[PDB]
Amino acid sequence: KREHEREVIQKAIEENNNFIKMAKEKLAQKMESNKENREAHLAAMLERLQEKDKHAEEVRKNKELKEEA
Amino acid sequence: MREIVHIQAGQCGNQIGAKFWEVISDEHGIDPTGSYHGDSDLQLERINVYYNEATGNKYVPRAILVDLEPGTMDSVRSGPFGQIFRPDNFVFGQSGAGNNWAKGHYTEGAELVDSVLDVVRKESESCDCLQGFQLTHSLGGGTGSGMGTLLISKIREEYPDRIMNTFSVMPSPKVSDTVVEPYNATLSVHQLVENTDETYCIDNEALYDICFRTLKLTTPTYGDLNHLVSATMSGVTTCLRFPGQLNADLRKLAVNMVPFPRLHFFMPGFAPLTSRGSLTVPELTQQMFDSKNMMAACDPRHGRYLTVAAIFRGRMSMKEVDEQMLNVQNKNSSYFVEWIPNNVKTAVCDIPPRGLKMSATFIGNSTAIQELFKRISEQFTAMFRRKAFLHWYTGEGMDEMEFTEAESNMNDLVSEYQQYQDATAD
Amino acid sequence: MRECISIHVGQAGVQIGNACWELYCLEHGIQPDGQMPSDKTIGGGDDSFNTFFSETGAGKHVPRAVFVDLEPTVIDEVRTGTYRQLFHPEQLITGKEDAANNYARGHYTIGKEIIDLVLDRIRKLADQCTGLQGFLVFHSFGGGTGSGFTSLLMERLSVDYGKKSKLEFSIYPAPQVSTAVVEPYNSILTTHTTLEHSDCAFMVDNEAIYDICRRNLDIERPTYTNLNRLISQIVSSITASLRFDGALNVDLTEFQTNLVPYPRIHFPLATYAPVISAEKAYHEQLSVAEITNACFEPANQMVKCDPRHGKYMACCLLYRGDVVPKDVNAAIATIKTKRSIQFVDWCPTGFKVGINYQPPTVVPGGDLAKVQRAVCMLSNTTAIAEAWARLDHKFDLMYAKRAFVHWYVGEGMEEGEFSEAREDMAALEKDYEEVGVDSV
Ligand SMILES: C=C/C=C\[C@H](C)[C@H](OC(N)=O)[C@@H](C)[C@H](O)[C@@H](C)C/C(C)=C\[C@H](C)[C@@H](O)[C@@H](C)/C=C\[C@@H](O)C[C@@H]1OC(=O)[C@H](C)[C@@H](O)[C@H]1C
Ligand SMILES: Nc1nc2c(ncn2[C@@H]2O[C@H](COP(=O)(O)OP(=O)(O)OP(=O)(O)O)[C@@H](O)[C@H]2O)c(=O)[nH]1
Ligand SMILES: Nc1nc2c(ncn2[C@@H]2O[C@H](COP(=O)(O)OP(=O)(O)O)[C@@H](O)[C@H]2O)c(=O)[nH]1
Ligand SMILES: [Ca+2]
Ligand SMILES: [Mg+2]
Ligand SMILES: [Mg+2]
């Protein structure tokens, strides 16, 4: 009976610790995935904007070459 | 605080921009010298959203004034509230844009944009917590349309996590006969669909019609049109400028008003619009939902509302406003999409516009806005199929491919509005 | 011993917090400066009110509470208002930029910047407790902070305090006072995320409270102030067992034993009476029988739903004021022979009763009549799932077209989180169906 009493309380401890561990790991995973997703979104936005700057240089250069006519 | 930075570019942009500051300065009790002389603490509680506080208890509009020509801004400086603006915040060139979007966007405008950004940076640096930006401009000219949309793209690059808001004046032959305006408008819309979070469509077509048809003005001046614009801009920014619960900042407004990123073009409205010598909550409400009161030349009963914000101003029964807003939704249920529940939000502000006991301002995200874009598109293609006046733009380095792309994008936007208009819950 | 820490989150949580703590002070005779003349033990004690108030050596009684909001203007009014001396400045925590009605910003983008500070402040409250019992968390479903930051906080509290009890008071959205079209998204997301981390949650349907104010107090267009004073009376009824002693007083945890038959089925329906104006209460004493009968009137529930169309798994009656068991027993007997009260077949049908003898209090300038006796019924009924059904349906309408979803994805979330949250809600609705079915 004493052996059983010990097993019940160690079981309670194990389940509580595993709940904490799971919760901690789940939160870390979510926050990392979120961070990565947001950063990728912003990066895509800035990449498109930089293409715009690229195109603008191209336009001014095209005007330059036609004024060399 | 949550600061907004205001930018106004080109003639139209600086005109309606100046009127905006005159109108809200009066509302907030700020005189032409930047001193406060109001009679209500409600006036100053959120003053910092739009004004910087300097030495001597002076309030200075967080406003930047841009043009590729000195003209309009010289007269701004000579306006009533001309001395209120920060002199270092005047940025201008000498060339002019000649009603050419390409000069504004790629050439002249690009030569000046960096000096503008220097001022934007200086205003933004001393912000406790910058919300974002609002731009006033026309789409029909060269500077506001071309350099305006260039500024948007450049600002976006440095402030990618801030809200970008525009008051964009759409061109109409009823007001301006400048032939290339549908070119400039279409090229501009092409930028706005990609790079702004929310755009108020101030349609010169609608402004003219209101003045001519309703107000019986045979010959509307820019003065008349701009009263409509300033009344509207005052109304749609009251939730930003005074204490309140609904849409109290730029991002909360966007999150309530924009269900899909590209569909961020709003139909503004105002009440009362009545001729001289010709006002219940029920009557205010019915009027603000009538097509005759819209600042965009679209009939909302030719489409459906995705989202709506209504702002009532003045002393009135909150119970009565709630009942009438419920009533209008009930009687007009067909014109609100069923798959966005509770898509109409209402605010009441105790402080009315100058000279009025009661007023209502309307912000609609309606699929009927496609009528505005179809009108621009019809005028665009009639010129573009003949390749009329293209050398103005290609001579600046552009090619026809960009015109085609801008046209397709705007035509895509129309298709998208029609898609959500046709969508059902089942 | 037995300390309870309150955490008020976002505008709704904070303003309801204002109303509750003002009411507690009036109930215990604590002045706005925190002094309490009747408390003869200076700087400490193990009195019942010490579960909610710590004490300084200078005789100040300080709420065991943290207020948190991602913008400053609501909490600034606490910092500068009537009960400002009540709170240590470190208990009132603010950022600069709110969550813009966006769960993703509350839980991630903006919330992550302040969560460690908030936990440090809570830990400072915990360290002063000799027998911390748990947390009481006040927040809206609909706001970006109330939804997103609360979820983040509950998750982090599970990690830092383990299975220490966490109870919620959650404000369920109503169209009459709602400020965002996306509140159904926010509600489903936070309900899914917090579900495994909460032991018990008292939902407060703003529409139910709005209706009660209009109907029972004759208020034309209820303000948050009107709503919050009523809500604080209900919250006070529920926490009174923790803050007062008495022979017939029954601890909230004891009611909880009966109220939660399975971990996920942890949403009691609160019903409160009497809600009556001073003008109507004058010369009209409402007896134990009358206020008890009123608990089985759906118009008086904190959540709109119809228990007459569901099954009961528990019924608890929390009385306060001039009430003795004899009268309670007679009132209950009458009710059992006249009311639509059907229990599931696996649950006992006895009503569990607690009586706190300290009479109800009201705030000056309030709408409620001062009464001699009041009662809060807490029932576990399948009918509460109606509230989830209504919310889940609004969610489905918008999500089918992915309306507004780009706002959440832009802040780093994935569509995967939406469907996962919605599936959890579907399972919950199904759980409530299943517990109501008869045993084979
Ligand atoms: C031509 C109509 C003039 C006045 C009307 C009777 C109405 O006035 C009142 N008190 O109800 C006004 C609001 C009209 O309904 C609007 C069409 C006026 C409008 C915005 C534009 C007209 C086109 C424009 O010609 C304008 C110069 C005419 C009159 C302005 O002095 C009216 C004032 O102007 C404002 O902008 C504020 C709202 C407020 O101060 C208002 C009293
Ligand atoms: N009963 C009650 N409900 C409120 C109160 N304030 C807001 N609400 C409700 O709460 C929801 C809005 O969430 P808020 O708490 O204002 O938002 P928040 O938590 O501050 O989140 P953000 O402002 O988005 O950062 C809506 O359903 C409102 O009707 C209040 O004082 N009392
Ligand atoms: N409503 C309004 N429209 C204007 C005003 N000034 C110019 N516009 C319109 O703006 C377009 C011309 O653009 P403009 O701003 O003058 O060119 P820019 O200076 O190169 O930006 C035309 O459609 C005009 O009708 C004004 O003060 N009010
Ligand atoms: Ca003591
Ligand atoms: Mg001009
Ligand atoms: Mg808030």
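- Method of structure determination, per the deposited record: X-ray crystallography was used for this entry, reaching 1.900 Å resolution.

**Quick notes on the overall build of chain C**
For step 1, the next point in the chain: Across its full length, chain C carries 15 helices and 12 strands.
For step 2, the next point in the chain: Its C-alpha atoms give chain C a radius of gyration of 21 Å, within 12% of the compact-globule value 22 Å for 440 residues.
For step 3, the next point in the chain: The principal-axis extent of the C-alpha atoms belonging to chain C is close to 60 × 60 × 45 Å.
For step 4, the next point in the chain: For chain C, contacts bridging at least 24 residues in sequence account for 82% of all contacts bridging at least 6.
For step 5, the next point in the chain: Within the structure as shown, chain C displays about 16,000 Å² of accessible surface, and the carbon and sulfur contribution to it stands at 50%.
For step 6, the next point in the chain: Between the centroid of the 40 positive side chains of chain C and the centroid of its 57 negative side chains there is a distance of 3 Å.

**Observations concerning the pattern of salt bridges**
Two side chains bearing opposite charge may form a pair once their charged atoms approach each other closely.
All names here are of chain B.
For step 1, the next point in the chain: Applying the stated criterion across every chain, the model contains 54 salt bridges over all chains.
For step 2, the next point in the chain: Two residues, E27 and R313, come together in a salt bridge whose shortest N-O distance is 3.0 Å.
For step 3, the next point in the chain: Given a relative accessible area of 7%, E27 falls into the buried group.
For step 4, the next point in the chain: A relative accessible area of 1% places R313 in the buried class.
For step 5, the next point in the chain: In this structure, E205 engages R375 in a salt bridge whose closest nitrogen and oxygen atoms are separated by 4.0 Å. An identical accessibility class is assigned to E205 and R375; each is buried.

**Overview of the sheet that holds strand β8 (residues 200-205) of chain C**
Strand pairing in a sheet is mediated by backbone hydrogen bonds. Such pairs are either parallel or antiparallel.
Residues and elements named next belong to chain C.
For step 1, the next point in the chain: The 6 strands lie next to each other as β5-β4-β1-β6-β7-β8, forming an open sheet whose pairing is parallel. A single partner strand is all that each edge strand has here, and the edge strands are β5 (92-94) and β8. In this sheet, neighbouring strand axes are inclined to one another by 15 degrees on average, regardless of whether the strands run parallel or antiparallel.
For step 2, the next point in the chain: Across 6 bridges, strand β7 (residues 165-172) lies against β8 in parallel orientation. Counted as the bridge partner of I171 is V204 from β8.

**Looking at the UniProt feature "binding site: GTP" in chain C**
For step 1, the next point in the chain: Mapped onto this numbering, the UniProt entry gives "binding site: GTP" at C:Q11, C:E71, C:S140, C:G144, C:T145, C:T179, C:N206 and C:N228. A maximum C-alpha distance of 22.7 Å is found for the annotated residues, which run over 218 residues; spatially they are spread out rather than grouped.
For step 2, the next point in the chain: Here C:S140 lies in strand β6 (residues 134-140).
For step 3, the next point in the chain: In this structure C:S140 touches C:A12, C:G146, C:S147 and C:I171, once residues within four positions along its chain are discounted.
For step 4, the next point in the chain: At 3.2 Å, the side chain of C:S140 forms a polar contact with the backbone nitrogen of C:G143.
For step 5, the next point in the chain: Inspection of the secondary structure assignment puts C:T179 in the loop between β7 and α6 (183-194).
For step 6, the next point in the chain: If we skip the residues at most four places from it in the chain, C:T179 touches B:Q245, B:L246, B:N256, B:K345 and C:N101.

**Quick notes on the site of ligand 1**
All names here are of chain B.
For step 1, the next point in the chain: Around ligand 1 sit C211, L215, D224, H227, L228, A231, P272, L273, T274, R276, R354 and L356, and those are all the residues in its vicinity.
For step 2, the next point in the chain: Measuring from an oxygen atom of ligand 1, one finds a side-chain N or O atom of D224 at 2.8 Å.
For step 3, the next point in the chain: In this structure, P272 approaches ligand 1 through a main-chain N or O atom, which is 2.8 Å from an oxygen atom.
For step 4, the next point in the chain: Taking 730 Å² as the accessible area of ligand 1 by itself, protein coverage stands at 74%.

**Details of the UniProt feature "active site" in chain C**
Residues and elements named next belong to chain C.
For step 1, the next point in the chain: Here, UniProt's "active site" annotation points to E254.
For step 2, the next point in the chain: The topology assignment puts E254 in helix α9 (residues 252-259).
For step 3, the next point in the chain: Given the relative accessible area of 42%, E254 is considered partly exposed.

**Remarks on the UniProt feature "binding site: GTP" in chain B**
Residue and element names in this part refer to chain B.
For step 1, the next point in the chain: UniProt's entry tags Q11, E69, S138, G142, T143, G144, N204 and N226 with the feature "binding site: GTP", counted in the numbering of this structure. These annotated residues cover 216 residues of sequence, and their C-alpha atoms sit far apart, with the largest distance between any two at 22.8 Å.
For step 2, the next point in the chain: Tracing the backbone shows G142 in the loop between β6 (132-138) and α5 (143-158).
For step 3, the next point in the chain: Leaving out residues up to four positions away in the same chain, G142 has contacts with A97, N99, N100, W101, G104 and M147.
For step 4, the next point in the chain: Relative to the elements of secondary structure, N226 occurs in helix α8 (residues 222-241).
For step 5, the next point in the chain: Not counting chain neighbours up to four residues away, the residues in contact with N226 comprise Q15, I16 and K19.

**Quick look at the site of ligand 3**
Residue and element names in this part refer to chain B.
For step 1, the next point in the chain: Around ligand 3, 18 residues are found, and the nearest of them are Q11, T143, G144, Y222 and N226.
For step 2, the next point in the chain: The contact in question runs from an oxygen atom of ligand 3 to an N or O atom on the side chain of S138, over 2.9 Å.
For step 3, the next point in the chain: Measuring from a nitrogen atom of ligand 3, one finds a side-chain N or O atom of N204 at 2.9 Å.
For step 4, the next point in the chain: Put simply, the parts of the chain that give the shell around ligand 3 at least two residues each are α1 (10-27), α5 and α8.
For step 5, the next point in the chain: Ranked by the residues each element gives to the shell around ligand 3, the list is headed by α1, at 5 residues.
For step 6, the next point in the chain: A per-class count over the shell around ligand 3 returns 6 nonpolar, 11 polar and 1 charged.

**What about the interface of chain B and chain A?**
For step 1, the next point in the chain: The interface is formed by 17 residues belonging to chain B together with 15 residues belonging to chain A.
For step 2, the next point in the chain: On the surface where chain B and chain A come into contact, there are 2 salt bridges.
For step 3, the next point in the chain: Here A:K63 and B:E396 are joined by a salt bridge, their closest N and O atoms 2.7 Å apart.
For step 4, the next point in the chain: Across the contact surface, chain B and chain A share 6 residue pairs in polar contact.
For step 5, the next point in the chain: Secondary-structure elements contributing two or more residues to the side of chain B that touches chain A are α5 and α6 (181-195) of chain B.
For step 6, the next point in the chain: Counting residues per element, the side of chain B that touches chain A draws most heavily on α5(B), which supplies 4 residues.
For step 7, the next point in the chain: Grouping the amino acids of the side of chain B that touches chain A by side-chain chemistry returns 4 nonpolar, 7 polar and 6 charged.

**Considering the interface of chain C and chain B**
For step 1, the next point in the chain: The interface of chain C with chain B comprises 27 residues on the first partner and 31 residues on the second.
For step 2, the next point in the chain: Where chain C abuts chain B, roughly 2,700 Å² becomes buried across the two surfaces, and 59% of that area is made up of carbon and sulfur atoms.
For step 3, the next point in the chain: The largest contributions to the chain C side of the interface with chain B come from C:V181, C:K401 and C:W407, which together make up 24% of the buried area.
For step 4, the next point in the chain: For the pair chain C and chain B, the number of links is 5 salt bridges.
For step 5, the next point in the chain: For the salt bridge of B:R2 with C:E97, the shortest nitrogen-to-oxygen distance reads 3.8 Å.

About the thresholds
- Residues numbered from 1 in each chain as written, not as in the entry; some residues may be left out.
- Chains lettered and ligands numbered in written order.
- Part of a larger assembly, values for the part shown.
- Heavy atoms only, no water.
- Helix = DSSP H or I, 4+ residues; strand = E, 2+ residues; numbered from the N terminus.
- Rg over C-alpha atoms; globule rule 2.2 N^0.38 Å.
- Contact = heavy atoms within 4.5 Å.
- Areas by Shrake-Rupley, 256 points an atom, 1.4 Å probe, with all protein chains shown as cover.
- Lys, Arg positive; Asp, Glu negative; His and termini not counted.
- Charge placed at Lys NZ, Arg CZ, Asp CG, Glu CD.
- Salt bridge = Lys/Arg side-chain N within 4 Å of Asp/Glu carboxyl O.
- Buried < 20%, exposed > 50% of the residue type's maximum accessible area, 1.4 Å probe, protein only.
- Pairing = 2+ DSSP bridges.
- Axes fitted to C-alpha atoms, helices over the stretch in contact; angles between N-to-C directions.
- UniProt positions renumbered as here; feature names shortened; annotations may be inferred.
- Polar contact = N/O pair within 3.5 Å; in protein donor to acceptor, adjacent residues only side chain to side chain.
- Near = heavy atom within 4 Å.
- Nonpolar A, V, L, I, M, F, W, Y, C, P; charged D, E, K, R; others polar.
- Buried area = accessible area lost by both parts, 1.4 Å probe.

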